[PDB]
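Asker: Got a structure here, written out as structure tokens. Questions coming.
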Amino acid sequence: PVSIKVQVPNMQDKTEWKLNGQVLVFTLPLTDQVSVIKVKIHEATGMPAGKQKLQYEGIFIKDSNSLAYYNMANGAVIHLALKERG
């Protein structure tokens, strides 16, 4: 598998999720996909992929794409961010 990270946004009181600006660190095979990331975050923080965007190297990746699609090798830094604050 490969080492993948999710940069959690600093939203400690700005929302009800466990977002505090920290970084999540998971390990998944390149064969998996963003679908696994969005769901795991939704389970961890609470925020569904409906508003939760995952940005890999500056690219808002979607459920339809995979880790292999973006070539997420060991050390893939994803950036979690809210799609639309409102």
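FYI, nothing fancy with the structure tokens labels: chains A, B, ... in order, residues from 1 per chain, ligands from 1 as they appear.
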Excluding same-chain residues fewer than 5 positions from stretch 37-46 of chain A, what lies within 8 Å of it counting only C-alpha atoms, as a PyMOL selection string?
Answerer: chain A and resi 17-19+52-54+63
Asker: Would you mind exporting the chosen residues as a CSV table (one decimal), in the first residue's frame, restricted to N, CA and C atoms?
Answerer:
```csv
chain,number,residue,atom,x,y,z
A,17,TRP,N,-17.6,19.2,13.4
A,17,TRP,CA,-16.8,18.1,13.0
A,17,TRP,C,-15.5,18.1,13.8
A,18,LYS,N,-14.7,17.1,13.8
A,18,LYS,CA,-13.5,17.0,14.5
A,18,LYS,C,-12.3,17.7,13.8
A,19,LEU,N,-12.6,18.7,13.1
A,19,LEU,CA,-11.6,19.4,12.3
A,19,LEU,C,-10.9,20.4,13.2
A,52,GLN,N,-17.7,18.0,1.2
A,52,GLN,CA,-16.3,17.8,1.6
A,52,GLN,C,-15.5,17.5,0.3
A,53,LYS,N,-14.5,18.4,0.1
A,53,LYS,CA,-13.7,18.3,-1.1
A,53,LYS,C,-12.3,17.8,-0.7
A,54,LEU,N,-11.7,17.0,-1.5
A,54,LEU,CA,-10.4,16.5,-1.3
A,54,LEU,C,-9.4,16.9,-2.4
A,63,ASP,N,-15.0,11.3,-6.3
A,63,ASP,CA,-15.3,9.9,-6.0
A,63,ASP,C,-15.1,9.0,-7.2
```
Asker: Mind listing the helix (DSSP H, G or I) residues of chain A, per DSSP on the backbone, as a list in words?
Answerer: residues 34, 35, 36, 37, 38, 39, 40, 41, 42, 43 and 44 of chain A
Asker: Grab the residues selected above and save them as a compact mmCIF listing (two decimals), in the first residue's frame with C-alpha atoms.
Answerer:
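Result file follows (result.txt):
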```
# COMPACT_ATOMS: atom_id res chain seq x y z
CA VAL A 34 -11.09 8.69 -3.57
CA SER A 35 -14.41 7.04 -2.71
CA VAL A 36 -12.64 5.42 0.24
CA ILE A 37 -11.20 8.74 1.39
CA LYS A 38 -14.45 10.72 1.25
CA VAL A 39 -16.34 8.03 3.17
CA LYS A 40 -13.65 7.57 5.83
CA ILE A 41 -13.62 11.32 6.49
CA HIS A 42 -17.42 11.36 6.63
CA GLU A 43 -17.16 8.66 9.29
CA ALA A 44 -14.34 10.32 11.19
```
Asker: Counting only C-alpha atoms, what is within 9 Å of residue A:30, bar same-chain residues fewer than 4 positions away, as a VMD selection string?
Answerer: chain A and resid 1 to 2 66 to 69 71 to 73
Asker: Create the file for the chosen residues now, containing C-alpha atoms and written as an mmCIF file, in the first residue's frame.
Answerer:
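The resulting file, selection.cif, is reproduced below:
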```
data_model
loop_
_atom_site.group_PDB
_atom_site.id
_atom_site.type_symbol
_atom_site.label_atom_id
_atom_site.label_comp_id
_atom_site.auth_asym_id
_atom_site.auth_seq_id
_atom_site.Cartn_x
_atom_site.Cartn_y
_atom_site.Cartn_z
ATOM 1 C CA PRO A 1 0.000 0.000 0.000
ATOM 2 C CA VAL A 2 0.964 3.682 0.020
ATOM 3 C CA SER A 66 -8.845 6.689 -7.820
ATOM 4 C CA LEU A 67 -5.497 6.833 -6.106
ATOM 5 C CA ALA A 68 -3.830 5.180 -9.096
ATOM 6 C CA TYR A 69 -5.588 7.722 -11.333
ATOM 7 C CA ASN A 71 -0.615 8.317 -9.052
ATOM 8 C CA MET A 72 -0.852 8.731 -5.285
ATOM 9 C CA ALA A 73 2.456 7.133 -4.344
#
```
Asker: Report, in Å with one decimal, the straight-line distance from atom CA of residue A:49 to atom CA of residue A:61.
Answerer: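 So the answer is 11.0 Å.
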Asker: Just checking: using only C-alpha atoms, which residue out of A:4, A:33, A:84, A:77 ends up closest to residue A:64?
Answerer: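 So, comparing all the options, the nearest one is A:33.
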Asker: Have a look at atom CA of residue A:55 and atom CA of residue A:80 and let me know their distance in Å, one decimal.
Answerer: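 These atoms are spaced 6.3 Å apart.
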Asker: Out of A:20, A:83, A:15, A:8, which residue has the shortest atom-to-atom distance to residue A:51 when counting only C-alpha atoms?
Answerer: A:83
Asker: Return the single residue from A:26, A:79, A:74, A:5 that is closest to residue A:56, with distances computed using only C-alpha atoms.
Answerer: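 Comparing A:26, A:79, A:74, A:5 against residue A:56, the winner is A:79.
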Asker: Separation of atom CA of residue A:7 and atom CA of residue A:22, in Å?
Answerer: 6.4 Å
Asker: Would you pick out the contacts of residue A:21 at 7 Å or less, using only C-alpha atoms, so that residues sharing its chain but fewer than 5 positions from it are not included, and give the list as a PyMOL selection string?
Answerer: chain A and resi 8-11
Asker: Determine which residues of stretch 2-68 of chain A DSSP labels as strand (DSSP E) from the backbone of this structure, then write them out as a PyMOL selection string.
Answerer: chain A and resi 2-7+23-28+52-56+59-61
Asker: Output the selection as an mmCIF file, in the first residue's frame - C-alpha atoms for each residue.
Answerer:
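Saved file again_35.cif follows:
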```cif
data_model
loop_
_atom_site.group_PDB
_atom_site.id
_atom_site.type_symbol
_atom_site.label_atom_id
_atom_site.label_comp_id
_atom_site.auth_asym_id
_atom_site.auth_seq_id
_atom_site.Cartn_x
_atom_site.Cartn_y
_atom_site.Cartn_z
ATOM 1 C CA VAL A 2 0.964 3.682 0.020
ATOM 2 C CA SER A 3 1.011 6.328 2.720
ATOM 3 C CA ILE A 4 -1.719 8.906 2.221
ATOM 4 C CA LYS A 5 -2.531 11.970 4.306
ATOM 5 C CA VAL A 6 -5.563 14.198 4.676
ATOM 6 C CA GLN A 7 -4.943 17.789 5.726
ATOM 7 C CA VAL A 23 -3.389 15.949 9.434
ATOM 8 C CA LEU A 24 -4.851 12.476 9.038
ATOM 9 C CA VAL A 25 -2.516 9.674 8.015
ATOM 10 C CA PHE A 26 -3.877 6.546 6.391
ATOM 11 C CA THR A 27 -2.325 3.760 4.360
ATOM 12 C CA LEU A 28 -4.158 2.358 1.358
ATOM 13 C CA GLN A 52 -16.296 17.760 1.576
ATOM 14 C CA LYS A 53 -13.679 18.281 -1.114
ATOM 15 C CA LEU A 54 -10.386 16.463 -1.251
ATOM 16 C CA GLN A 55 -7.553 18.279 -2.965
ATOM 17 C CA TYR A 56 -4.531 16.258 -4.022
ATOM 18 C CA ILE A 59 -6.554 19.018 -7.591
ATOM 19 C CA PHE A 60 -10.096 18.646 -6.290
ATOM 20 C CA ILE A 61 -10.337 14.898 -6.682
#
```
